[PDB]
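Notes to accompany the following structure.
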Amino acid sequence: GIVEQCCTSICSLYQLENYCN
Amino acid sequence: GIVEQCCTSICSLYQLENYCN
Amino acid sequence: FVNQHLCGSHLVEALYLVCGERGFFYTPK
Amino acid sequence: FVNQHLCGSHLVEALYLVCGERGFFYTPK
């Protein structure tokens with residue numbers, strides 16, 4: 001999930017936008 | 001929603017907990 | 001910290017702190 | 001600000017800033 005993708009590895013705008021409503 | 005209840009008026013723990021998963 | 005007016009990053013922070021490992025949803029609209 | 005390791009309040013802040021009026025969901029588990 002987000003923690004694995006953005007905390008334990010480098011985040012990206014592409015990934016973050018997947019969590020906007 | 002949350003903005004009306006917690007920003008434009010005084011928030012509460014009861015209200016905030018309704019937005020936890 | 002929860003029994004006040006909480007807006008923007010302040011509200012999101014309160015949700016973060018209250019909800020912990022559960023996480024939360026922030027739906028301003 | 002998004003192309004780094006973002007954890008806890010730092011990640012929630014990034015979501016807040018990116019997502020704007022849409023809002024977001026933070027689901028750490």
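We name chains A, B, ... following the order of the structure tokens; residues begin at 1 in each chain, and ligands are numbered from 1 as shown.
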
- Could you name the residues that touch residue A:8 at 9 Å or less, counting only C-alpha atoms, but leaving out those on the same chain fewer than 6 positions away, as a PyMOL selection string? chain D and resi 5-7

Take the residues from that selection and put them in a file with C-alpha atoms, as a compact mmCIF listing (two decimals), in the first residue's frame.
# COMPACT_ATOMS: atom_id res chain seq x y z
CA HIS D 5 10.52 9.02 1.29
CA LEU D 6 7.38 10.29 3.01
CA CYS D 7 6.29 8.78 6.32

- Tell me the residues of chain D close to chain C, meaning within 9 Å using only C-alpha atoms, as number ranges by chain. D: 8-9, 12-13, 16-17, 20-29

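Distance criterion 10 Å to chain D, applied with only C-alpha atoms, yields residues 19, 20 and 21 of chain B on chain B.
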
- Task: Please identify all polymer residues within 8 Å of residue A:15, counting only C-alpha atoms, omitting same-chain residues fewer than 6 positions from it, and present them as a PyMOL selection string.
- Result: chain A and resi 2+5-6

- Filtered DSSP result for chain C, state helix (DSSP H, G or I), as an MDAnalysis selection string: chainID C and resid 9:22

For the selection you just gave me, I'd like the residues written to a file as a PDB file, in the first residue's frame, keeping N, CA, C and O atoms.
ATOM      1  N   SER C   9      -4.619  21.806   7.046  1.00  0.00           N
ATOM      2  CA  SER C   9      -3.591  20.900   7.555  1.00  0.00           C
ATOM      3  C   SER C   9      -3.779  20.573   9.045  1.00  0.00           C
ATOM      4  O   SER C   9      -3.371  19.507   9.503  1.00  0.00           O
ATOM      5  N   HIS C  10      -4.400  21.499   9.776  1.00  0.00           N
ATOM      6  CA  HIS C  10      -4.679  21.339  11.208  1.00  0.00           C
ATOM      7  C   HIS C  10      -5.680  20.205  11.457  1.00  0.00           C
ATOM      8  O   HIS C  10      -5.541  19.438  12.413  1.00  0.00           O
ATOM      9  N   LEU C  11      -6.693  20.119  10.593  1.00  0.00           N
ATOM     10  CA  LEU C  11      -7.721  19.081  10.672  1.00  0.00           C
ATOM     11  C   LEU C  11      -7.149  17.729  10.271  1.00  0.00           C
ATOM     12  O   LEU C  11      -7.388  16.720  10.937  1.00  0.00           O
ATOM     13  N   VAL C  12      -6.392  17.720   9.177  1.00  0.00           N
ATOM     14  CA  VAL C  12      -5.736  16.511   8.685  1.00  0.00           C
ATOM     15  C   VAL C  12      -4.776  15.946   9.757  1.00  0.00           C
ATOM     16  O   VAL C  12      -4.755  14.736  10.015  1.00  0.00           O
ATOM     17  N   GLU C  13      -4.022  16.835  10.405  1.00  0.00           N
ATOM     18  CA  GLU C  13      -3.137  16.458  11.510  1.00  0.00           C
ATOM     19  C   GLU C  13      -3.881  15.813  12.685  1.00  0.00           C
ATOM     20  O   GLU C  13      -3.410  14.823  13.265  1.00  0.00           O
ATOM     21  N   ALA C  14      -5.016  16.403  13.056  1.00  0.00           N
ATOM     22  CA  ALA C  14      -5.850  15.870  14.134  1.00  0.00           C
ATOM     23  C   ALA C  14      -6.351  14.465  13.794  1.00  0.00           C
ATOM     24  O   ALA C  14      -6.281  13.556  14.634  1.00  0.00           O
ATOM     25  N   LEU C  15      -6.823  14.282  12.558  1.00  0.00           N
ATOM     26  CA  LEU C  15      -7.236  12.963  12.078  1.00  0.00           C
ATOM     27  C   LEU C  15      -6.085  11.954  12.138  1.00  0.00           C
ATOM     28  O   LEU C  15      -6.263  10.826  12.613  1.00  0.00           O
ATOM     29  N   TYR C  16      -4.908  12.359  11.660  1.00  0.00           N
ATOM     30  CA  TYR C  16      -3.706  11.531  11.743  1.00  0.00           C
ATOM     31  C   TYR C  16      -3.430  11.055  13.171  1.00  0.00           C
ATOM     32  O   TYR C  16      -3.220   9.861  13.406  1.00  0.00           O
ATOM     33  N   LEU C  17      -3.448  11.998  14.113  1.00  0.00           N
ATOM     34  CA  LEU C  17      -3.149  11.718  15.521  1.00  0.00           C
ATOM     35  C   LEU C  17      -4.212  10.866  16.236  1.00  0.00           C
ATOM     36  O   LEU C  17      -3.886   9.967  17.012  1.00  0.00           O
ATOM     37  N   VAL C  18      -5.481  11.149  15.965  1.00  0.00           N
ATOM     38  CA  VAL C  18      -6.589  10.419  16.586  1.00  0.00           C
ATOM     39  C   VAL C  18      -6.690   9.004  16.026  1.00  0.00           C
ATOM     40  O   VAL C  18      -6.820   8.045  16.784  1.00  0.00           O
ATOM     41  N   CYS C  19      -6.607   8.885  14.702  1.00  0.00           N
ATOM     42  CA  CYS C  19      -6.944   7.635  14.025  1.00  0.00           C
ATOM     43  C   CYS C  19      -5.828   6.588  14.057  1.00  0.00           C
ATOM     44  O   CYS C  19      -6.102   5.385  13.982  1.00  0.00           O
ATOM     45  N   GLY C  20      -4.583   7.048  14.179  1.00  0.00           N
ATOM     46  CA  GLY C  20      -3.423   6.152  14.279  1.00  0.00           C
ATOM     47  C   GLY C  20      -3.305   5.179  13.117  1.00  0.00           C
ATOM     48  O   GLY C  20      -3.483   5.564  11.956  1.00  0.00           O
ATOM     49  N   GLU C  21      -3.028   3.915  13.435  1.00  0.00           N
ATOM     50  CA  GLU C  21      -2.802   2.869  12.427  1.00  0.00           C
ATOM     51  C   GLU C  21      -4.038   2.496  11.590  1.00  0.00           C
ATOM     52  O   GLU C  21      -3.911   1.880  10.532  1.00  0.00           O
ATOM     53  N   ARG C  22      -5.223   2.872  12.073  1.00  0.00           N
ATOM     54  CA  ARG C  22      -6.471   2.740  11.311  1.00  0.00           C
ATOM     55  C   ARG C  22      -6.417   3.556  10.017  1.00  0.00           C
ATOM     56  O   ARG C  22      -6.938   3.138   8.977  1.00  0.00           O
TER      57      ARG C  22
END

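The coordinates place atom CA of residue A:16 at 23.4 Å from atom CA of residue B:1.
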
- Separation of atom CA of residue B:4 from atom CA of residue B:17, in Å and rounded to one decimal: 15.5 Å
